[PDB]
Amino acid sequence: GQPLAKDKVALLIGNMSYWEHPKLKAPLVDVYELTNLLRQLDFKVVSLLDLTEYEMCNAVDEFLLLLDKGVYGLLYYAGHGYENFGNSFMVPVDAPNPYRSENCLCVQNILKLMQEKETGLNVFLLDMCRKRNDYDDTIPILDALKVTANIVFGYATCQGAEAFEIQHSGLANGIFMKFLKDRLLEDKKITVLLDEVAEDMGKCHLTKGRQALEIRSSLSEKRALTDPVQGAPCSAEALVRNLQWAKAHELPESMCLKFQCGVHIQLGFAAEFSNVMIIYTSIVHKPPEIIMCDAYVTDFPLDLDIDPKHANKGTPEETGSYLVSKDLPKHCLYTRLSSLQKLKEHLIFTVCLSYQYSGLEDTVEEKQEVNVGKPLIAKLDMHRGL
Amino acid sequence: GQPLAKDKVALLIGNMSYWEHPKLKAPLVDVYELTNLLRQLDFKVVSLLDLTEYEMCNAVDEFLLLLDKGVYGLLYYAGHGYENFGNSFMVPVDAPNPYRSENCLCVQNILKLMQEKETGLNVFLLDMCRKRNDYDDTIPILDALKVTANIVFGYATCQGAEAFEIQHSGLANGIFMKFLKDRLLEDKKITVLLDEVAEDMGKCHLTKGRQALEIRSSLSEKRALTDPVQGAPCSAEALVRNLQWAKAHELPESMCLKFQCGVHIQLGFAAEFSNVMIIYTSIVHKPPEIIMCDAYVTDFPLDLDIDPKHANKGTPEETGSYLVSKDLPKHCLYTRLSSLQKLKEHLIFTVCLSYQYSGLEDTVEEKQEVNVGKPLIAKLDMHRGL
Amino acid sequence: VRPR
Amino acid sequence: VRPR
């Protein structure tokens, strides 16, 4: 009668800042919007941007760890893709020019791993190009898939075609997401809903005859992304899974910093993606003996490679964040820490105070070290083991 | 509002009697049943059994000739199939063991040719196995498809899987056809209908976890196999197309044969497939001077390779025909002429009369030659040209 | 029930 | 409108 979900887990990757290839823009925005939509459908979501091949492999391993018998598993990828000899390939940021299958992740490999975990659903939304990488010599010779009638593909374009994004100087959006976002929340069967998305996508003028949605499905059960989650977890195995999820979306506590000079510095943290965190420094209290003072954040772990142009900015938008000034507490100094999947170490930075005393020219510098542990996805220890 | 069909053309091939591979049984039955269902949906149908590679290529050429801008083109194949490097291959009866892509027809090649003709729909129902032909060394390196959002695939099984047929000693049926036949006539969108077929196919006990229906679609328009055909043909191009169809389903006129001995032999013809025709000989009148007499058909074109065990049989079922004694006029001698696609020549056979005169032992033999031209698909001249 |  |  009613199809049920043991859990609903999603892994969303958005690559933009390619090292050897044209950088993209819509992946950030699309990822942000899919997460919010997928959360409304009660999904355990993992949002990640600009992953390298190694990094990409670990996100799949963390995602696989969250899938068990009956769990609805969804994968969304927005970035560079190629299709060779019936295999789809997602291209990581670190990819060389020219690249091969070795340099890339094969979707079919991810699918097999999911089937090994007895998942109820296997949805794949590949928002990438699907042309031949003429430079790819290697043909993976992959093992046959087990017939499980729960596999669903939402290809943004068709084989040998391109998926497009509108790069309008402001936000920038992806074409697949423009038609998907308005229909995702519907209680239709996943296949039926994807096909209704395909119709509205044909009505697109910008892409007509260049990009069309391609649905491939084996699904033989009225399963949908709206299907309810087996009420009371109460199972020991179900409890381990909720801990493992919670382990990745832990944000540092908004601390207050007291300085030897009697100055108070409020330190706030915001979440943008599992990979992205925003710090803000507000000067909450200062003694009468000091009137001039600016608080600034420095000495970040070199693993993170934090550009100075993305740190200590008057507004969050100046750091590159998708989050806007109405979402983030007003008047602080905002700093964007993307690439947390690069943190092997514990997060330690210095909150540096440059100040001045009444009636003196000299500029005083009070540096205070801050250890915020492993925020968000850093806490998963993706670099763990030998 | 309402999607329209310029015409609805179908090409149905059913291979059974493989030379180097296991012979099948359900393809005959499935083909017969799809034709009848497709005709109720007003389709110009071409039904063909046991085609060789060369033969197969000509059926596609005749089918392509019947497709123009706006025409709904459908292809159904039931026989041996393999899938290598993202290409589906139909195996002809003449295929060697081991076989390669060269020996087979690549569906993708047929699809391209259809797109070149500006067809409104492109439906493909591949009722075949989809495993690796480990012996196939060649990878076709086919050209990219034009994005036309009208391509629909109805794979009987998934990649690396098998499509099954129930060989119950009597009729024998295919699994894809068992679930398809009960739902084909529905006014649903082709994709939606195929997905509802997939659900009922999951309810199958014989195949569960071995075979599942796989739908692949780009179709962005509420197009269905029930969509109506642009009323009055009245176009010169539309008239050429109806002639070309009628050219293939022409059956010889039920002639009466007068013999020098004053005996009458009624000669009837029945249609089973575009490839298959049944002749029947009834002794309508004989003079009092003759009481013993049997009419028998011989000297068939050697191109046809007519086995004696399929000719001059008391009932149609004894010849191997799907047509039963309630469909064919009672009491004659029935003879089955399959393989008309093998006729290059004009159809000439002798209707041989063995008789006896009152009060004499000696047996008299009166042979009369009969030229019935090119019945059915023979009339298309598939062997024409240099 | 045999394969194709 | 650019490709991915």
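How far is helix B:53-65 tilted, in degrees, relative to the longest principal axis of the Cα atoms in chain B, given as a value from 0 to 90 rounded to the nearest 10?
Helix B:53-65 and the main axis of chain B meet at about 70 degrees.
Between the helical axis of A:236-246 and the dominant principal axis of chain A, each derived from Cα atoms, what acute angle in degrees is found, rounded to the nearest 10?
50
At q = 0.09, 0.17, 0.19 Å⁻¹, what log₁₀ I(q)/I(0) does region A:55-167 have when each alpha carbon counts as one equal point scatterer in the Debye sum?
Summing over Cα pairs of region A:55-167 leads to -0.24, -0.86, -1.06.
Using the Karplus curve 6.51 cos²θ - 1.76 cosθ + 1.60 with θ = phi - 60°, what ³J(HN,Hα) values do you get for each residue of region A:143-154, in whole Hz, with x for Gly and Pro?
Residue by residue, region A:143-154 yields 6, 4, 7, 6, 6, 10, 6, 8, 7, 9, 10, x Hz.
To test your reading of the geometry: what angle, between 0 and 90 degrees and rounded to tens, separates the Cα axis of helix B:26-40 from the longest principal axis of chain B?
In chain B, helix B:26-40 runs at an angle near 80 degrees to the longest axis.
Suppose a student asked you for the relative contact order of chain B, using Cα pairs under 8 Å spaced at least 6 residues apart; what percent would you report?
14
Out of the DSSP beta bridges found with both residues in the protein assembly as shown, what percent are antiparallel (nearest 5)? Each step should come with its number before you reach the end.
Values: 101 of 153 bridges.
If I count the DSSP bridges inside the protein assembly as shown, around 65 percent turn out antiparallel.
Could you pull out every one of the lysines with an alpha carbon less than 23 Å from that of A:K330, ignoring same-chain neighbours closer than 8 positions?
By straight Cα distance, A:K330 reaches A:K258, A:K286, A:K309, A:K313.
What's the average, rounded to a whole number, of partner chain beta-carbon atoms within 10 Å of each residue's beta-carbon in B:186-198?
Values: counts 0, 0, 0, 4, 0, 8, 5, 0, 2, 9, 3, 1, 7.
Per residue, the number of nearby Cβ atoms from other chains is 3 on average.
What's the exposure ranking of A:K23, B:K286, A:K189, going from fewest to most Cβ atoms within 10 Å?
Going from least to most buried by this count: A:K23, B:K286, A:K189.
Taking neighbour Cβ counts within 10 Å as the exposure measure, how do A:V370, A:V324 sort from fewest upward?
A:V324, A:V370
Averaged over its residues, how many other protein chain Cβ atoms are within 10 Å of peptide A:158-167's Cβ atoms?
Neighbouring Cβ atoms belonging to other protein chains average 5 per residue here.
Of A:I166, B:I306, how do they rank once you tally other Cβ atoms within 10 Å and put the fewest first?
Working: A:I166 16, B:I306 20.
Lowest to highest Cβ neighbour count: A:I166, B:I306.
Under 5 Å between amide hydrogens, which residues at least 5 positions from A:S88 or on another chain qualify, with H placed 1.01 Å from N in the peptide plane?
Amide H neighbours of A:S88, under 5 Å, 5+ apart: A:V107, A:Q108.
Determine the sum of side-chain charges near A:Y82: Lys and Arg each +1, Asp and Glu each -1, restricted to other residues whose C-beta is under 12 angstrom from that of A:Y82. Walk me through the intermediate numbers first.
Values: positive: A:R100, A:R130, A:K131, A:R132, D:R4; negative: A:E83, A:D134, A:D136, A:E162.
Residues near A:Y82 contribute +1 overall.
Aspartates and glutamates within cross-link reach of A:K326: Cα-Cα under 19 Å, excluding same-chain residues under 8 positions apart?
Those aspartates and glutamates meeting the cut-off are A:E33, A:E272, A:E317, A:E318.
Step through the residues of region B:363-377 one at a time and calculate ³J(HN,Hα) from phi using the Karplus curve (6.51 cos²θ - 1.76 cosθ + 1.60, θ = phi - 60°), rounding each to whole Hz and writing x for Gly and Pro.
Once rounded to whole Hz, the list reads 9, 8, 10, 9, 8, 10, 5, 10, 10, 9, x, 10, x, 6, 4.
What distance in nm lies between label points placed 7 Å from Cα along the C-beta direction at B:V284 and A:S358?
13.0
Just to verify a number: FRET efficiency for A:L65 and B:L302, C-beta to C-beta distance, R0 = 60 Å, to 0.05?
Efficiency computed from Cβ-Cβ geometry: 0.30.
Based on the alpha-carbon set only, what is the convex hull volume of the protein assembly as shown divided per residue, in Å³?
Spelled out: Cα convex hull of the protein assembly as shown, divided by residues, is 192 Å³.
Would you calculate a helix-derived [θ] at 222 nm for chain A, using -39,500 (n - 2.57) for each DSSP H run of n ≥ 4 and dividing by the full residue count, to the nearest 500?
Counting only the DSSP helices, I get -5500 deg cm²/dmol.
Evaluate the Kirkwood expression for the hydrodynamic radius of region B:112-254, namely the inverse of the mean inverse distance over all pairs of different C-alpha atoms, and round to one decimal in Å.
18.2
Under a no-solvent Debye model with one identical scatterer per Cα of region B:228-352, what's log10 I(q)/I(0) at q = 0.19, 0.23 Å⁻¹?
-1.06, -1.38
What's the Cα-based Rg to Rh of region B:223-265, Rh via Kirkwood?
On the way: Rg = 20.1 Å, Rh = 14.7 Å.
Radius of gyration relative to Kirkwood radius: 1.37.
Where in region B:114-133 does the label zone of B:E237 land, with the point 7 angstrom along Cα→C-beta and an amide N cut-off under 19 Å?
Output list for this probe position: B:114-122.
Give me the mean projected area, in nm² to one decimal, of the convex hull enclosing the Cα positions of chain B.
22.3
Please report Rg (one decimal) and Dmax (integer) in Å for the Cα set of region A:1-113.
14.7, 52
Using a cut-off of 13 Å between beta-carbons, work out the net charge of the residues near A:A378 (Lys and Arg +1, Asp and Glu -1, A:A378 not included).
Working: positive: A:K247, A:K342, A:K344, A:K374, A:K379, A:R384; negative: A:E55, A:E62, A:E250, A:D303, A:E345, A:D381.
For residues surrounding A:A378, the net value is 0.
In the structure shown, do any of A:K25/B:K146; B:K23/B:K131; A:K131/A:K208; A:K131/B:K69 have a Cα-Cα gap over 20 Å, and if so which?
Violating the 20 Å Cα-Cα cut-off are A:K25/B:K146; A:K131/B:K69.
Output wanted: per-residue J couplings in Hz (rounded whole) for region A:319-330, from phi through Karplus 6.51 cos²θ - 1.76 cosθ + 1.60, θ = phi - 60°, x for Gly and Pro.
8, x, 4, 7, 4, 10, 3, 7, 8, 9, x, 5
Using a cut-off of under 14 Å, list every residue of region B:16-40 whose amide N is near the label point 7 Å from the Cα of B:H168 along the Cα-to-beta-carbon line.
Under 14 Å, as judged by backbone N against the label point of B:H168, lie B:26 of region B:16-40.
Between region B:162-177 and region A:1-80, what's the alpha-carbon centroid distance in Å?
About 42 Å separates the Cα centre of region B:162-177 from the one of region A:1-80.
Only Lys, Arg, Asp and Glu count, each charged at its Cβ (+1, +1, -1, -1), so figure out the dipole size of chain B about its Cα centre, rounded to 20 debye.
It works out to roughly 1020 debye.
What average number of partner chain Cβ atoms lie no more than 10 Å from the Cβ of the residues making up B:117-124?
For peptide B:117-124, the averaged partner shielding equals 0.
As a convention, Cβ positions derive from the backbone with ideal geometry for all residues, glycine included, and neighbour counts pool all protein chains shown. FYI, it's all coordinate maths here, none of it is from the lab.
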